[PDB]
Amino acid sequence: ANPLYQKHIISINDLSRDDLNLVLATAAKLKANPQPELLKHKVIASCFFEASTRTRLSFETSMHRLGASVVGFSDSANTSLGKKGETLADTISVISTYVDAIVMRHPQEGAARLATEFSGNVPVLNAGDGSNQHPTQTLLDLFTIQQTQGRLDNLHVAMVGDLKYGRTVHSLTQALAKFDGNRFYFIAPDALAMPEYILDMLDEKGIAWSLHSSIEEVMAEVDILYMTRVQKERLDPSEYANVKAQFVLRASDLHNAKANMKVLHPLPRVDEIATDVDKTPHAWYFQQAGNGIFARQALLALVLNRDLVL
Amino acid sequence: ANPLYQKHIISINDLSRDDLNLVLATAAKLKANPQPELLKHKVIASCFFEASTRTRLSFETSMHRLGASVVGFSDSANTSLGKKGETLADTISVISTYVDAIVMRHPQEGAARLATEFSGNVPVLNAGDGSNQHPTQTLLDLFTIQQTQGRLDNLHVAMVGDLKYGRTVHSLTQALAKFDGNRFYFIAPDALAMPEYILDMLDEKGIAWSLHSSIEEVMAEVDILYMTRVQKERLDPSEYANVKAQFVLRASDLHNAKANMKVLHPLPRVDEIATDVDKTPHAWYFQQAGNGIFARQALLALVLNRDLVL
Amino acid sequence: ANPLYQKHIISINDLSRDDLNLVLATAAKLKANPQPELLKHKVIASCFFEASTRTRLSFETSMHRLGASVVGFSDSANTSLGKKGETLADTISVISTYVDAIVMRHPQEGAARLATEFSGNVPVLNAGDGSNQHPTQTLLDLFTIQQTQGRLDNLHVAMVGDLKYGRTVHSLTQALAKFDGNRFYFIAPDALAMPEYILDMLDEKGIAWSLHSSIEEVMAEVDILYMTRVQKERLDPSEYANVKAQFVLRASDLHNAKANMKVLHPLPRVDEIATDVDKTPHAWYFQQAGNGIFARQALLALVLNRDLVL
Amino acid sequence: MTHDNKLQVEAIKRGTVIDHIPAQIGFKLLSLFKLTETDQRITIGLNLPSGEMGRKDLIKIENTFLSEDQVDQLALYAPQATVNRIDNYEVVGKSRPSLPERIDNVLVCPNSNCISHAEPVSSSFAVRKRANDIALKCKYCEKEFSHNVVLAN
Amino acid sequence: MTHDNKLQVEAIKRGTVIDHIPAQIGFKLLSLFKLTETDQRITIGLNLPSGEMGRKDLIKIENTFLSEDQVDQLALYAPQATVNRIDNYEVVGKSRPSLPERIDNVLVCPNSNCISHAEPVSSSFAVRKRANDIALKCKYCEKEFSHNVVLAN
Ligand SMILES: O=C(O)C[C@H](NC(=O)CP(=O)(O)O)C(=O)O
Ligand SMILES: O=C(O)C[C@H](NC(=O)CP(=O)(O)O)C(=O)O
Ligand SMILES: O=C(O)C[C@H](NC(=O)CP(=O)(O)O)C(=O)O
Ligand SMILES: [Zn+2]
Ligand SMILES: [Zn+2]
């Protein structure tokens, strides 16, 4: 039994530093030593109650790359919860009698935690629940930073955009606070700032963070600049002032940047990253997405395989 | 490396006579010598941004008949391009880091060509882009004409219906102009006529074509009568006069027809072919659809297999 | 032929202290001694393309109270302009060939101005155009203000609300800067502040004005507290943050209030003036409204009648 | 009697000669005031040196005659500029765009809810010397905008 | 080397000199070639005559020589143009515009349903002389239009 065996992956806050390390290490192995039938005979429900291109297709692709079968729904509209009034509790209850793991993405914060109280032995994997967490994104981002920085400590990381509704940054900050010496620069409209709950943890850990009103102020320092999309779908109408990207990244502002720096982004990008950045050796968002394949395979292996040997 | 290996299938105009021949020949082989694991271990994205019954399910069925796994979306509504504003360029960019081929059908002319500039080594297969092309339809139609006429030369072919918005006929005319001695009769409302770009090519090749205002005038001559559905979804509102089938085929008008003639149709038919034609030894539209299985298997084999031996 | 005879009443910036004093004295004489046939045989168009309860109704009662007749609309949905695509220009062109005057309210700024260039001889009264002017509101506010303070010169005036889109404050502020010694206080969210053009006209004129963050910060030095509604229907989406009133007048705020201070408001109010205020002695909005009859009968009397009412 | 420094032919019978237009204006004036929509001989010299007026710009329109009305309308872009009236080769007149009190049919009211955008009327603005810049006020909506922000055609 | 034929002529050491620009076309190239940007003593002559040919437009930009494509792109807008490379008050090379095989970026596909509009890509058509008019084929939608229509971008 590996530490991750049959564990629910709901919140980075429930995961430890060595847990995250076993994933990155396994990811690395699969990425060079493909295990085509590691999951032969399993059937995973890929249940997404909210839109997805990357998350769902990477997950489904990983399952297939490992021999799993997949069954599920990409829209809640044609489910019985959609047209018949079924609770989410009962939906998870019956589905868990069919399959081996459940990858779920939902619009309301806490939809994943609630799934666990209703699924028995079936591990639940959080592909995103509202603006709360998205641990799998964070596993693929950590893998992407590791492989380009050769480290997960003492890094200088800037997080730009919607930090408030961004479950991507909520989960990545809690992960990167688990390693040592990392420094954080948060650049976001005041309305969409970093929640206090995460800052307080930082203080409580004695992590060095700070605020800035422009990328220009930090460009020369960061090793990683995590650009984020404004969560239009979640904004309360009073926040409607904040729909257009306040901070936009053009190829020219990467001029004083460290040679080793990589621009990451969870994607989809709208206008926060002008397309001319794409051709700079700094843009790493598409390599970061392909990484979704290797990190999520690793997770399915670790969670459904009592003992992995590669 | 067969000629088709890793090639994008975007437009019949980019394909040659021997290319089309290798497909028909391979089709024929698979249709009698099933290769159950020819594609074991591949994962193909079946991305349809527009409605489909035949094309999508035949494609997906072929992939499975060959051991491939499939991952994808039958509606763009629940994608990130659907609800998050993602460009089609970025959608193709990330998806191509997951899979081996991408079968895509889209509403706008040129959506497939654009996919190639964004997918690297990943071959793109055009399941239809607006009213422009649909090469796979044409491969299954050529297979259907070959197997019933025993030839692809000197045939007399009538094309009836919406010739203007019909990507089906645009691609089939360019294919059948690549063989010798074929003669073309075009029967269509003036508003929905055969584009000039295709006629000019015909002239330029010295192909014999002509126009007629009724099936009655040509019934006794054609070997193949390709009936087409009026593209209601594409009609500009000024063309709204042309929504009802101007030319309808009833079982009685097949009376003076050559014994060897077969009625083909891409389908779905609405009212252009009365259902009593279904029982005549002339109707060949359902046998033509099943043919989708064998021609598209052939294509996936030829494109993903460096060297095929059957 | 009195100064305003056959004149167009489009903006308070085209009138002068004398013109205004002309209207209020007439207002006064009319209130004391009604003239039931003073407009016998005139037919007036009441054309409202935006909503209205007091402007339209007080306007129409006024025409009737003076013997005139009325033709019009209260919604352009069933006008040729609304269902057949007509221009406002043509609309006023045909209308000015039936009636003696056009009283109109419109959703776009400068629509009353436009109509003057096409109404020929018929005068155009502006019952409000978008967020520009509302001159007849201004007339009754002046009349009510003089009624309750004895004068219009040297008054302490606080304007609270949506000062940016309030067409009422634009006019009124311009009207009082035509008198001597008036002092201004402005309390509004920063997004709905008095427009520049008004603050400038003030400076040029040496009028004293200052911003404030609380009604209470002026409660003691004011004679007239002019309350306004957040012109909700005019806000841009990016201003949806100020859709709910920030300054609400409740009775207990009228504690240090000057003995002669009245609360005015052009109505309709939503949450900015609590109902308890209604029964204190400072509330004068419903009397202010009722005074609309007189400012309006007087204006009509003057524009359509040659000699100073005898 | 233009100047000297290596020859080329360049003198006209009658017409107009807007002299002393600063850089990146000349093009703008040809486009806005449509001073190119005519069969007349036009000679636009750009960047051609003129001392204090280091990189001046110049335009010459044959037969064409400006109007006090027109000329003034240039003070919104090239005010210092001098209009030289050349008739029968003799420079007969010489103005300098001063400020007009109203700009018509050229600009476009930045207020998107302005009636001018829908109806078939001609835009029109009152010009005013605000403080630093010139203040433009729409005839219809009554809003005033930095003479710099008001766009045109 | 010499002095030109017709009257009002302008001179230069090194630079490009485009002549024969049909009437009313000179100002436009000045727009869609972004020539006016370069502060190099540009000279322009709208409506000059053109002997038996009529009236002509012409541009002179010192120190500036056209792109490795602009002449080809200048072929569609004004086929009968002449591009003179003038080095040291002399023509060390004269060219005629040739219509290229294909044209990129500058053109906008007239088919509204073409994906080139919506997506971040460069337009590019394939030029093919047809019967008198030239035909352009969109790289993306595969349609071929007459340049009459395409030149409504
Ligand atoms: O939505 C974002 O931009 C960030 C993040 N994006 C993703 O997970 C990528 P995707 O939506 O396609 O699956 C998410 O939280 O959904
Ligand atoms: O739509 C048509 O009738 C012709 C043609 N039909 C098909 O491809 C069959 P289907 O839509 O089910 O996949 C097409 O171009 O979509
Ligand atoms: O609507 C307001 O808040 C103030 C003002 N109100 C009025 O004129 C009263 P009503 O719209 O009922 O005629 C206006 O601008 O319309
Ligand atoms: Zn305006
Ligand atoms: Zn196109």
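Remember, it's 1-based here, ligands and their atoms both numbered in the order they're listed. Just so it is clear: chains get the letters A, B, ... in the order the sequence lines come, proteins before strands, and each one is counted from 1.
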Novice: Considering only protein heavy atoms, which is closest to atom 12 (O) of ligand 3, and at what distance to one decimal place?
Specialist: C:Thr53 N, 2.8 Å
Novice: Among the heavy atoms of B:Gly128, does any lie under 4.0 Å from an atom of ligand 2?
Specialist: no
Novice: C:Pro266 to ligand 3: N or O pair under 3.5 Å?
Specialist: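 No, C:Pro266 has no N/O under 3.5 Å of an N/O on ligand 3.
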Novice: If you take the nearest heavy atom of each of B:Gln137, B:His134, B:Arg167, which one is closest to atom 16 (O) of ligand 2?
Specialist: B:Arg167
Novice: Quick one, B:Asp162 with B:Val169, criterion side chain to side chain contact (heavy atoms under 4.5 Å, CB included). Give me CA distance, side-chain angles, the key distance, then yes/no.
Specialist: CA-CA 9 Å; B:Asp162 189 332; B:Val169 307; over 6 Å; no
Novice: Students often mix this up, so state it plainly: with edges at 30° and 60°, are the rings of C:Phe49 and C:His106 parallel, tilted or perpendicular?
Specialist: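 C:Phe49 vs C:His106 ring planes: tilted.
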Novice: Name the closest protein heavy atom to atom 13 (O) of ligand 3, giving the residue it belongs to and the distance to 0.1 Å.
Specialist: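 Checking every protein heavy atom, the shortest distance to atom 13 (O) of ligand 3 gives C:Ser52 OG, 2.5 Å.
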Novice: Would you please determine whether C:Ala51 falls within less than 4.0 Å of ligand 3 on a heavy-atom basis?
Specialist: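 So C:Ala51 counts as touching ligand 3.
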Novice: Would B:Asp271 and B:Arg229 pass as an ion pair if we require N to O under 4.0 Å?
Specialist: no
Novice: Could you go step by step and tell me if E:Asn113 and B:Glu109 meet the side-chain hydrogen bond (donor to acceptor under 3.5 Å, both in side chains) rule?
Specialist: CA-CA 6 Å; E:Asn113 197 50; B:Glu109 287 87 39; 3.2 Å; yes
Novice: Would you say the side chain of C:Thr55 lies within less than 4.5 Å of the side chain of C:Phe48, judging by non-hydrogen atoms?
Specialist: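 Heavy-atom side-chain distance check passes, below 4.5 Å.
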Novice: Heavy-atom distance to atom 1 (O) of ligand 2: which of B:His170, B:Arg229, B:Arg105 wins?
Specialist: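 Comparing heavy atoms across B:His170, B:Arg229, B:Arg105, the nearest one to atom 1 (O) of ligand 2 lies in B:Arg229.
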Novice: Would you mind telling me which of C:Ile102, C:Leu300, C:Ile10 makes a side chain to side chain contact (heavy atoms under 4.5 Å, CB included) with C:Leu125?
Specialist: C:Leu300
Novice: May I ask you to check if C:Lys232 and C:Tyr165 form a cation-pi contact, with NZ or CZ under 6.0 angstrom from the six-membered ring centre and within 45° of the axis?
Specialist: no
Novice: Once you measure the plane-to-plane angle for B:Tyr197 and B:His170, does it fall in the parallel (<30°), tilted (30-60°) or perpendicular (>60°) bin?
Specialist: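 Judged by the thresholds at 30° and 60°, the geometry between B:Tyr197 and B:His170 is perpendicular.
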Novice: Taking the six-membered ring of B:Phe59, is NZ or CZ of B:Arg296 closer than 6.0 Å to its centre and within 45° of its axis?
Specialist: yes
Novice: Under 30°, 30 to 60°, or over 60°: which ring-plane class applies to C:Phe294 and C:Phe143, parallel, tilted or perpendicular?
Specialist: tilted
Novice: So, at under 2.8 Å, which protein N, O or S atoms would a careful student list around the Zn ion (ligand 4)?
Specialist: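 Per the 2.8 Å query on the Zn ion (ligand 4), atoms found are D:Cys109 SG, D:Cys114 SG, D:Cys138 SG, D:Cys141 SG.
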Novice: Just to confirm my output: which protein heavy-atom neighbour is closest to atom 6 (N) of ligand 3, and how far is it?
Specialist: C:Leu267 O, 3.1 Å
Novice: Could you tell me, atom by atom, which parts of ligand 2 come under 4.0 Å of a heavy atom of B:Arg54?
Specialist: 9 (C), 10 (P), 12 (O), 13 (O)
Novice: What are the atoms of ligand 3, with element, lying closer than 4.0 Å to any heavy atom of C:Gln231?
Specialist: 1 (O), 2 (C), 3 (O)
Novice: For ligand 2, which atoms, with element, lie under 4.0 Å from some heavy atom of B:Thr168?
Specialist: 4 (C), 5 (C), 15 (O)
Novice: Please determine whether side-chain hydrogen bond (donor to acceptor under 3.5 Å, both in side chains) holds for the pair C:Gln137 and C:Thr168, giving the CA-CA distance in whole Å, both sets of side-chain angles, and the decisive distance to 0.1 Å.
Specialist: CA-CA 6 Å; C:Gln137 183 75 48; C:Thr168 52; over 6 Å; no
